[PDB]
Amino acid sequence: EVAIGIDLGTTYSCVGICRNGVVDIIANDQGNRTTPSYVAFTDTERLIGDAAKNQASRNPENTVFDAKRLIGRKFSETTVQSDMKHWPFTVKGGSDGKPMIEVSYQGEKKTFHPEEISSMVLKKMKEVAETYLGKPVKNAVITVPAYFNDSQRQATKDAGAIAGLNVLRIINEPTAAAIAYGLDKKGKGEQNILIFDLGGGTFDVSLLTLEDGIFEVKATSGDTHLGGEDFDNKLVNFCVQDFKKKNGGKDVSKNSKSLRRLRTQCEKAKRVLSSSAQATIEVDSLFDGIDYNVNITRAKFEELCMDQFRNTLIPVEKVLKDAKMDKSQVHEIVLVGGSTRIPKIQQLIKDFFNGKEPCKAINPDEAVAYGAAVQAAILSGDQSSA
C-alpha cells in the first residue's frame, strides 16, 4: 500500500509521502528535512547521513560520498578519472570494469560497488519514512538526472532493490520538480517549463514541454562540476589568502584537516549570507594553534563568485537554443537545489527572464522528492493530488 518518493541526490537525499493529496517531506532523527548522501565506516560502526558527514574530516579515507558520480559507470570512463582527484577515499576498477570503493570497517578492508553505497543511503531514507509512519514501507519512486543513461538508471533501480524497496518507477529529476508544482494539471495547452537545478555539486538546466498531462524533456544542459561546493571553495581560497596576510605568509592549504575544518565554516557562512548581509567565519586553532576569524559581507561573497553565478545563465541560453525557442516562451521557471536560495542567483535568473518571478514556493532542495512522492501516490492508485 504505502509508497514514498525519494530524491537520491549527489550530496543530499530527501524522502516524501503524498497522502490525501498533501505531501509531507519527512525529517530524519536530527530534525533535518534532507540527509547527506554519505556513508562512513569506523572501527565499530557503519554511519549513514548526518552522522557520516559529521565525522568526515576525522575519517576521510573511510567516509564515502559522490557515489552518484560512479553509479552505473565503468571505472575506465573519463568522468571517473577526472572526478577521483576530489575523493579522499580509494576507488579501484574490478575485473568486471565496475568501480570498487575501498574502505576499512572494523579493522578489515572492505569493497563496495557504487550501487551498494547508494543502497545504504536509500535504506536510511526508507527508515526515515518508516519511523515517521510507524509502519514498514516497500514501494518507492526514485529520481535520477534526465541525462542518466540506461546503465546509470538500472544501477539506481538495483540500489533500491538492495535497500528492500520495490521500485515502482525511476523518473527524471526535472520532471519530478515540475510535477511537484502541479504544472501537469494547472491551466491547459502547451507549457514550456525551465527547471534550474543548482545543488551541492551539479548544475542542471532542463527545458520541458507539457501538453495534455504529458511531460517531455526537450533539451538539457549544465555543468556536472558547478554547485554549492564550488562557492564554498571560493570562500576557502579567500580565507587561505587572508590567513597568509594576517600570519606572515603561513599556508593553511598545506594541512588537509585545516582546509576541511575551514570549508565546514565557509559553507555555514554562505548559508547565513542567503538571509543576512554579513556572516563570520571562525575556526579556533585552525593551523599552528592560530585562531582564525573574518567577517564576510554578502557583497564580498557575490564578488568572489561573480563569474560562477553569471555563468549559470550560459546553460540556460544553450537549452533555449537547442530547443529552438525564445526566453519569452518560457511559462514557468522552477528553482530546484539548495544553492537556488542564494539571492544573487535568484536575481540573475529573474533579470534574464525579463522580470518573471521563478516558482520557489517549495523548498528547492525538497521539490524533487515532493514530485517523486506525488508520482508514487499516483502509481499506487491514489488520485487525491489531482
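From 1 onward, residues are counted along the sequence shown.
- If you average the C-alpha B-factors over 239-247 and over 136-144, the higher value belongs to 239-247.
- Legend: mean Cα B-factor per stretch from the PDB entry, 104-112 versus 294-302; the higher mean is in 104-112.
- Taking only the listed residues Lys98, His225, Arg271, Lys157, the entry reports the highest CA temperature factor at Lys98.
- As recorded in the PDB entry, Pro60 shows the highest C-alpha B-factor of the residues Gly355, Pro343, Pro60, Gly338.
- Ranked by C-alpha B-factor against the other modelled residues of its chain, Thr35 falls in the lowest third.
- When the modelled residues of the chain are ordered by their C-alpha B factor, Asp50 lands in the middle third.
- Compared with the other modelled residues of the chain, the Cα B-factor recorded for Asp326 ranks in the highest third.
- Ranked by C-alpha B-factor against the other modelled residues of its chain, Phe196 falls in the lowest third.
- In this PDB entry, the Cα temperature factor of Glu173 sits in the bottom third of its chain's modelled residues, the lowest group.
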